[PDB]
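Just so you know, structure 1 and structure 2 below are the same protein chain in two forms, each on its own as structure tokens.
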Structure 1
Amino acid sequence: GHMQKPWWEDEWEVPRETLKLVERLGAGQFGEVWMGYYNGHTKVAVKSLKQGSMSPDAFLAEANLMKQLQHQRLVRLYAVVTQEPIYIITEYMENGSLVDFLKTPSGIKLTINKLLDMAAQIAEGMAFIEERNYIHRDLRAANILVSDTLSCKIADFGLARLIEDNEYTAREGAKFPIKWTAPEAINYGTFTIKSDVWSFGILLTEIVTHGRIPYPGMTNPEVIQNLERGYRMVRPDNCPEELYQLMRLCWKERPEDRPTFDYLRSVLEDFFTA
């Protein structure tokens, strides 16, 4: 079929009557996530924006990773509904978030080879985001989605940014998850692909521990103080030393000394094929 839209609606608009919401999967501050059906036969995930939590323009900006980047390693945007309640429709990921999947009976049983494969799959998606001049800014296991075939995809919830001059600076009152955030981003609000690399090293600890919180037994101030002295996270239990040394490259003090996502992908592939 290669041989064969109103301006006031989004270019990605679908009529709401093409969707049937079936099961509530979760609820947050910005809204609820549902499993639904598009035109009866296609399973979809629908995010309904909570009326008042944030502006329509920010939730539906064309800036904007999902509208701009498509890749097998990235959760695919399907459509939007721009009349209230605002819907964001995406491909359905049967096994949900990686952090939840790792705690299920099948996730607990994952061999180290499968955990490294999944880590290589995230680095592959991040190598695409890097090459496209984007930063993710919230790279943690909670934002990785898992398919029915146990493949991983990166999801964006509005923090990803197109970088023009290699860096984005966050606002004065911005609050980020401290345990995943690189020192230069905590201190100066400066986010680059290199602060995503730092975050990936933290995400690797969530993968190897089957969803445990990074820096066990430590508060956010104790984490910042430790980092300032040159300490890094204590070797997690059941963490292969080779993986720990790859995590440490991600945690180099100078952002420019941290590896690229392509390098990380290449090493992780070698780790699970060896």
Structure 2
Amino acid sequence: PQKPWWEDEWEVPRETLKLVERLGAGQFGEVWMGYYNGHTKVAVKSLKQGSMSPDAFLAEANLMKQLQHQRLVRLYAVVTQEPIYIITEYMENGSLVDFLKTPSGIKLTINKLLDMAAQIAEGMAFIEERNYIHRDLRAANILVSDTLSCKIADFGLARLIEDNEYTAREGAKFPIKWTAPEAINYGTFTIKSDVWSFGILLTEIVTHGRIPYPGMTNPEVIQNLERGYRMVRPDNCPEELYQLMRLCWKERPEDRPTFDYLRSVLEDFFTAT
């Protein structure tokens, strides 16, 4: 189990926090931009009581206590006496999917998009090496800093893997366009499932946040994939990159490359441009 709150180094008195601006509001709670001890800017997630189990809520906080890296949004603190809060490192420019649509994002050069792509792969390489999987890898869950660097966020579905794979529930449902076939079909996820999602994420980067598989419904996406087709070349997408995306979408999970490999290639692509 976890150390008791009176011993957990992560526990902080609720008095230390002040919620300032609401970033998101959902069925299970809200997320706010706030301040820790006045001067430190942070993000605070609050649990809407009754919406879900506190155990269920704090589970991702506990995983984040275990998974730490410069490229992953860092757990800052936790308040475990109701109401419950999960506090994290703050990212000024929000989600990558949103940032890419702003005046600043629209002007990003392909070189910078490749840089960011490599930054993301760098973080996944760490997750990969530590025997974890994300399962929710998408531009929506990549946050951007004030210095235009990227970090992986939302470890809600993230899981420590005991021996290569994790099996989800038969009732658990996932985003069709972002999830690997084997995961949608048998609920089985592996780091290779994340590699597939990364491919999809790449299309999000080069299209400045467009929804993958343009003009296609989910039934259509699934049917086309089974025929051997893959997403159509996005407008204005370097061919080298399109081909890297294809590696991420190979039929056999084992045939897809590692995240470290993806990182190296993207870094070469970046240094070139």
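By rigid core we mean the largest C-alpha set that fits within 1.5 Å across both forms. Shifts are known only where both forms have a C-alpha. The first residue in the sequence of structure 1 is number 1, and each one after it adds one.
> Picking from 65, 44, 246, 233, which residue has its CA shift by 2 Å or more between structures 1 and 2, once the rigid core of the two forms is superposed?
Replying inline: If I go through the list carefully, the shifting residue is 65.
> Taking the rigid core as the reference frame, is the Cα of residue 94 displaced by 2 Å or more between structures 1 and 2?
Replying inline: Result for residue 94: no, shift under 2 Å.
> If we fit on the core, is the Cα of residue 187 displaced 2 Å or more between structures 1 and 2?
Replying inline: No; that C-alpha moves by less than 2 Å between structures 1 and 2.
> Core-aligned, does residue 177 move its Cα 2 Å or more between structures 1 and 2?
Replying inline: No, shifts by less than 2 Å.
> By how many angstrom is the Cα of residue 11 displaced between structures 1 and 2 when the rigid core is overlaid?
Replying inline: So the C-alpha of this residue moves 4.6 Å.
> Once you lay the two forms on top of each other by their rigid core, how far has the C-alpha of residue 30 moved between structures 1 and 2, in Å?
Replying inline: With the rigid core fitted, the alpha carbon of residue 30 is displaced 1.9 Å between structures 1 and 2.
> Considering only residues present in both forms, which runs of at least 3 consecutive residues have all C-alphas displaced by 2 Å or more between structures 1 and 2 after core superposition?
Replying inline: 5-11, 61-65, 83-85 are the stretches that shift between structures 1 and 2.
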